[PDB]
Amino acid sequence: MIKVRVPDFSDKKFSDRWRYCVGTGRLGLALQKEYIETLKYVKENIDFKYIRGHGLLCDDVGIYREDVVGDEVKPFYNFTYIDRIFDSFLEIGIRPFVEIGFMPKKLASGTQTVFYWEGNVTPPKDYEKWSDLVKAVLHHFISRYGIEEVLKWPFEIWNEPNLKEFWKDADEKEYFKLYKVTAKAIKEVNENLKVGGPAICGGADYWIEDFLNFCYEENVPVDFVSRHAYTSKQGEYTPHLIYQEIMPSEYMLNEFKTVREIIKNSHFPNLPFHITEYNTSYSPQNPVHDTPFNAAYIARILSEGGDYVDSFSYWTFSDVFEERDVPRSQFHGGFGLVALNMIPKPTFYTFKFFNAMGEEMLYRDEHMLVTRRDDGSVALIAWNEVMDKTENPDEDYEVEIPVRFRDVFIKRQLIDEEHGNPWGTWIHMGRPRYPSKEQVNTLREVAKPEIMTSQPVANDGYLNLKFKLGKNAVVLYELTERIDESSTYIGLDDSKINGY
């Protein structure tokens, strides 16, 4: 098994970089009732500071237009939709990790598009027109929300320009130019606004080295580096879904650690580094996302990810998505932490559990994190992800946890194949694509962790915990100080109740 004696002291800190940002489907979808109810719901449980998605300039949001009169053609920047979208974000208490893109059609130099909703991925016909659009939007943001607010919004230029699907011909140089023109337009508005990139996907880090060298040699400002991370191997789509083998979380933490080094060996060694999008599979139709395995797996990344990066946004917070058309079933492998109808997937609870962690990191290994909060209470999280099939997926634990107080109240939350696994149940129901309200209700009741309370006696400043982790289980223990008030109950004696 795994015997562990948690140190009573430690000089390691656990930050909340894991909850800095969360991803989302294109901004246009944010106008949806379903989208907003779910965002509010997530924010009532996980305090994400930012939310990052594509589509700010896409035509459904409808910002860039052009009015034609016999005499001239002049641009018209329409803010009716983003005002509403950004107004609701600020109301909910979350800020946009703005992504500049994609190319509105009236400015497109080409016709290439991406996804079901067809965002244009070609450079602008006229870079100056693109520069004025960016400034027009920035000035509108300042006008409506004030410069103090907007200055907190980082601006990421484009998305995965290294892939021919998001950027015409994967033209590295044209990207650097787009970045230059955009960065200059933003800075012109206000020199303190944060700009960055290159928002590339893995397997092309020579882009980050080039990107940084370009900003250096061309004297172009950069306030942060962005990149994406996935651990899913190549797969084969069916007209409904796709399966991909997920490599261990080790490969992702290593990619983090690797690109971090590239930034420190570059001309801008202290640049903050954001993983603006990550998950196991990079497909919005891969079943693994809705499983308990996904939640046990992500656990470690939330545990160690912050050691190498400034943030890492989980893609996504909801199944309200469309890159591959409208979802066709209650569970379809969406990126969402929360499935449609506000049904939290196990992964949702992994994030929820980390909300209990303190800054003092007493102990940590590849399958367990132990911290202490301000008040002195101790929280512990352990996970048991099953990478491949086996007959011994169980793992026993015995941990000695240091505790200030003598009397302890214990609160244990758990999720695994039988607890907080709405997916398994949906399978019991016959995988309905469009369940009834009664069925969705049963899925909500099921989608909750198991809660168990107890009390022990901490001896010489320590408490011994023994537990077993089933297949793909994630557990959260909280040890707070118990202050017994039983003596104040005159005549208290439970044994005088029938059977106790």
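Quick note: we count residues from 1 along the sequence shown, nothing fancier.
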Next item on the list: May I ask you to compare 487-495 and 19-27 by their mean CA B factor in the entry and name the higher one?
Entry: 487-495
Note to self: Per the record, averaged over C-alpha atoms, which has the higher B-factor: 64-72 or 453-461?
What the structure shows: 453-461
Next item on the list: Between 221, 424, 93, 110, let me know which has the highest C-alpha B-factor in the entry?
Entry: 110
Check: Among 402, 197, 346, 333, which residue carries the highest C-alpha B-factor recorded in the PDB entry?
Finding: 402
Margin query: Looking at the temperature factor on the CA atom of residue 83, which third of the chain's modelled residues does it land in?
Written below: lowest
Note to self: Based on the deposited C-alpha B factors for this chain, I'd like to know if residue 267 is in the lowest, middle or highest third.
What the structure shows: highest
Notebook entry, point to check: Among the chain's modelled residues, which third holds the C-alpha B-factor of residue 445?
Noted result: lowest
Next item on the list: Can you work out whether the C-alpha temperature factor of residue 140 puts it in the lowest, middle or highest third of the chain?
Entry: lowest
Notebook entry, point to check: Relative to the other modelled residues in the chain, which third contains the C-alpha temperature factor of residue 34: lowest, middle or highest?
Noted result: lowest
